[PDB]
Amino acid sequence: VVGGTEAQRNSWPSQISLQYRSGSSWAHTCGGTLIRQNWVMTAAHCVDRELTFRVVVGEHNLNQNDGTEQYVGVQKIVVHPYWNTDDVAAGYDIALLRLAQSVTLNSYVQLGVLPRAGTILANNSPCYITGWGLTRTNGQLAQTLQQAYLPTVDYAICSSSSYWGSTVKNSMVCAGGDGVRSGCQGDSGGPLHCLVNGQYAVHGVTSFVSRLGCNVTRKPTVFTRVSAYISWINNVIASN
Ligand SMILES: *S(=O)(=O)C(C)(C)C(=O)NCc1cn(Cc2ccc(Cl)cc2)nn1
Ligand code: NA
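See the structure below:
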């Protein structure tokens, strides 16, 4: 997250860190959202490389023991069957990870609330991106979870020629684009939390940013629109 602020420890308890094994240790690669005690929602592109993954829930500072983390293996990966790693712009950038064990819920570990199927946010709706991704274009990961206020940019604006054009689809949510605040590498897979009827719900899964930089005017961060996939999510959970 570029242009973010450090999140309070208990603010976003559904946020997870998706990590892969690197030598004798682990490296953060993506965010995700805990949606059941044994299921995480992330981006399909986060699992394009065949690596050993783990999920960390209750995480705040990646480099330090917070006394709140639970570490769990990934037992099954279900990518959307229409996902094409060579065509991110086509959409379908969503995957479900079945965890090897059910995590325990507490003030630091809670299920993310998903939107009602079909919900589309009005332009300029209030949302926050969270993650440990880069804090500057070409920079380094955040040590502590960051948040940034990223109001939505509706489809008509986002898919217009001076924004993303045809690359953005109606199955995506755009947010931000103010040139200062944005998602960045390593936020992918994580949530966009949007305030609807007084409750925050996870309306986006971070999918891509501009090749030209993370915080670029009129290149808002682009997210998979969770409300386009409610039936798919429920079908996966019920059949696995
Ligand atoms: S996201 O918008 O943050 C973005 C820019 C697409 C991103 O940085 N995604 C992170 C990501 C994760 N993976 C899979 C991967 C590749 C290589 C290695 Cl060593 C581990 C994991 N690809 N992009
Ligand atoms: Na920690």
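For the sequence shown, the positions run 16 to 36, 36A to 36C, 37 to 65, 65A, 66 to 99, 99A to 99B, 100 to 169, 169A to 169B, 170 to 217, 217A, 218 to 221, 221A, 222 to 245 when PDB author numbering is used.
Beta carbons are placed, not taken as given, at the ideal position from N, Cα and C, and that holds for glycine.
ask   = Taking 7 Å as the cut-off, is the CB of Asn240 close to at least one heavy atom of ligand 2?
value = no
ask   = Measuring CB to CB, does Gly140 end up less than 8 Å from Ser29?
value = no
key: Span separating the alpha-carbon of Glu62 from that of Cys167   = 33 Å
request  = Please name the residue or residues paired with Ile88 in a DSSP beta bridge.
outcome  = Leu106
key: Segment limits, beta strand (DSSP E) that includes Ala208   = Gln206 to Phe215
message = Suppose contacts are defined by Cβ-Cβ distances below 8 Å. Is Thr54 in contact with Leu106 by that definition?
response = yes
ask   = Are at least three pairs of beta-carbons, each pair with one atom in the region 124-141 and one in the region 79-91, less than 8 Å apart?
value = no
task = Note down, in chain order, each residue of its chain lying with its Cβ closer than 8 Å to the Cβ of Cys58, except the 5 sequence neighbours on either side.
result = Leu33, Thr41, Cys42, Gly44, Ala104, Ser195 and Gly196
ask   = If you compare alpha carbons, which of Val162, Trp38 and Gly69 is closest to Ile31?
value = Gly69
ask   = For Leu154 versus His91, is the C-beta distance shorter than 8 Å?
value = no
task = Would you decide whether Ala131 is buried or exposed? Buried here means 16 or more other CB atoms lie within 10 Å of its CB.
result = exposed
ask   = Could you give the C-beta distance for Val162 and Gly18, rounded to a whole number, given that I count them as a contact under 8 Å?
value = Incorrect: roughly 16 Å between the Cβ atoms, too far for contact.
Three-way DSSP call (helix, strand, coil) for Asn133 in this model = coil
inquiry  = I want to know whether the region 106-117 touches the region 170-181 - three or more CB-CB distances under 8 Å.
reply    = no
key: Near ligand 1: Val66 beta-carbon under 7 Å from a heavy atom   = no
task = Consult DSSP for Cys191 and reduce its assignment to one of helix, strand or coil.
result = coil
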